[PDB]
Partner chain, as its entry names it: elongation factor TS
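Encoded as structure tokens, the following chain is the form solved without the partner chain, with no partner shown.
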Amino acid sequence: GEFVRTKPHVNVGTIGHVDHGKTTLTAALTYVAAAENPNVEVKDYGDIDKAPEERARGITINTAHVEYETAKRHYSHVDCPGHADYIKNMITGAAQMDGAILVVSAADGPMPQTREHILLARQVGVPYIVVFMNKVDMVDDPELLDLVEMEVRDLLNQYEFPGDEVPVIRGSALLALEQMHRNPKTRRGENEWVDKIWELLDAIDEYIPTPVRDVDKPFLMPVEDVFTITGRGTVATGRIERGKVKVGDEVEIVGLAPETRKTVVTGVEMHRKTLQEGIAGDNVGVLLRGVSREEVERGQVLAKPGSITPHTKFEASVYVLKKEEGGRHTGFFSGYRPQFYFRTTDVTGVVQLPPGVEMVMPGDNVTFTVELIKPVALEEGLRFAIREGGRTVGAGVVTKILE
């Protein structure tokens, strides 16, 4: 059908260590919110972890986007994988969030991807975090619960989140989800577990602010994914960063290719509902005429033509992680070629250290230049993560664009 705007729109999502309950919580949110609002369509566990490879491996691999709303706001929710091998997908998901829900298992406490997701969330600009302490149905001991909360708050403090202030909601994603399956009409106040999900919804409503967005600046949408719709054509998905897009607009596909390509937008949808106009903050699919899925990819940006010049060379201020933060034990030299993550973009780059700086060590704050092997939409003040060999090794911010 058609998308009707009645409420402010905010993008949230789920992050946290593997198996702590992100997807189960995402499902419970749709069911719980749907009882109050009939515009919410429910999403089961298997509707979210739907890919054959997810069924095969028993984990989330792809980000999934689901929709729900409260009385206050409309939400698009990006559910990210927790497995260490799918961090790149999680980063692309977090790059779309105005706030993240950090899921931590009460039975396990914070674990290495609890830390890594918090760190990475910051580096793609997630401005606020709410915590859901999950699986409390498995933990009798009140003292362990208090310890887990304390550990999570302190961990958040380590990455410059206000850990002492974030809401920490204690519940069971699974028992809420079970109650909603048995009674899909279960309303607030009727059930203990469902009410914890309402506590989460209230915290999301009130603690994660609606961002200040600019719809007057040139259209810019980082591409998070691309697929072929049988019948329609190639669709590029993403959160619109600024400006607006309408069907009929010419856009440029910028980055990751030798040259920029122009095409015409032939459709705009949010959660499979047609948008008259996509605006900053919307989580959309943009149908692109005359390009295949081999001609658009994650990490490119769609932009008002001529508004963005992609770049390959920049100076950066970089913090290199210590080993206890999951970084490398050893340093690196000029010529080090790790991966750089900017918003939804993942690209290999060459580190070139100043003359006289021959080695950078874990724990170092340092400045150097990077040469990307492919051009990428970049700008001064843009935060990024550095990863190599399947581990996060650094966090940086672009200081100067050289080329």
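Residue numbers count along the first chain shown, from 1.
Omitted here: the form deposited with the partner chain bound. The next part is about that form.
Contact residue in the deposited complex, chosen from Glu192, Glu294, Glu143, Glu206 - any heavy atom within 4.5 Å of the partner chain: Going through each option in turn, the one that passes is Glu143.
One residue of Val247, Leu174, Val139, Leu155 in contact with the partner chain, assessed in the deposited complex (non-hydrogen atom, 4.5 angstroms): Contact residue from the list: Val139.
Close approach of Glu116 to the partner chain in the deposited complex, 4.5 Å, heavy atom: Residue-level check for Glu116: yes, a contact with the partner chain.
4.5 Å heavy atom contact, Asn365 to the partner chain in the deposited complex: Result yes; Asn365 sits at the interface with the partner chain in the deposited complex.
Just to confirm, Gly356 within 4.5 Å of the partner chain in the deposited complex by heavy atoms? Answer yes; at least one heavy atom of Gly356 falls within 4.5 Å of the partner chain in the deposited complex.
I'd like to know if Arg73 sits close to the partner chain in the deposited complex, meaning any non-hydrogen atom pair within 4.5 angstroms. No.
On the criterion of a non-hydrogen atom at 4.5 angstroms or closer, are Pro162, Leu382 and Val398 all touching the partner chain in the deposited complex? Not a single residue of the candidate spot has a heavy atom within 4.5 Å of the partner chain in the deposited complex.
Name the stretch, out of 103-111, 229-237, 177-185, 277-285, where some heavy atom lies within 4.5 Å of the partner chain in the deposited complex. Result for this chain: 103-111.
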